[PDB]
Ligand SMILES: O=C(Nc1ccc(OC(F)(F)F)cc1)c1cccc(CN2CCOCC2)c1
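Only one chain is included here, represented as structure tokens and corresponding to the form deposited without the ligand.
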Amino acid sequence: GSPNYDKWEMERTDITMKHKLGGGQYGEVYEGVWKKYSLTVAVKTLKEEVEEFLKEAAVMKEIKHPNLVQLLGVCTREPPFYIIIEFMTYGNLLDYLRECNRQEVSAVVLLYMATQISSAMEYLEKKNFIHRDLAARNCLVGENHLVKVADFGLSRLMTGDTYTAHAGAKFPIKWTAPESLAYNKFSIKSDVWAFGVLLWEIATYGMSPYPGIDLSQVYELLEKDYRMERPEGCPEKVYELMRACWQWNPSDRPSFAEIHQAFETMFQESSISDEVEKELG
């Protein structure tokens, strides 16, 4: 074989760069086209640090799942570096929920979304990886309400049961578990907490978490056992799972395996009524 062959490396000239996607919401991530195959793609690059970029690229080569956005290739031999990923046509979940028709995106669709996401996290959990940035803004939407988890910039394969982030490092307060906020300690359980917040975002069709409350007051409130209220219309079972995800002690939070099982079940039962209803009109 050829000496410098690398299965993941693509020629940067193969890609046409267009414009930043998500309205620049995700930084240097552009919509591009893999000319050879007339395929629209998402390309993350580095402005003119690298270590984190290369780490993100390496992690994406190791994970593969139906509900995890798929790495297509990279350009990391020389700058500018690229990470070429499949493009999800309906954008991110947060904006999708904020602009959707609710008769279309009904209760069964919200359950379907949660099910797909928990499926991706169960896979990651099994592989001992942590995501560290679960949020609706970081989930993507495809045709027929297909949903995939994205943005693996902070994802890590753990060696132990916990990962301690750099010192002085700071995180998205409203999606971050108590022990993460206070001691920079992360784990599969901290992702579970974030998933609970994501569920709330889904249930509210994209509302910003902790309505009214000041970020500076969030931790103190959680410490006294305050937790967001059940959204209008959220089934009790779902709110209960939500509250379990927000148990103060990480060990008390359920596993993604358990979470996925619960949602698959609710989705299927909810789905039956949906199919029937559909078949009346």
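Throughout, we count residues from 1 along the sequence that is shown.
Just so it is clear, the following notes concern the form deposited with the ligand bound, a form of the same protein that is not shown.
- By the 4.5 Å heavy atom rule, the three marked residues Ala107, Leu111 and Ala203 all count as contacting the ligand in the entry with it bound.
- For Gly233, a non-hydrogen atom is located within 4.5 Å of the ligand in the entry with it bound, even though that partner is not displayed.
- Although the partner is absent here, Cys245 lies well away from the ligand in the entry with it bound, with no heavy atom inside 4.5 Å.
- Among heavy atoms of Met228, none comes within 4.5 Å of the ligand in the entry with it bound.
- The shortest heavy atom separation between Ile117 and the ligand in the entry with it bound exceeds 4.5 Å.
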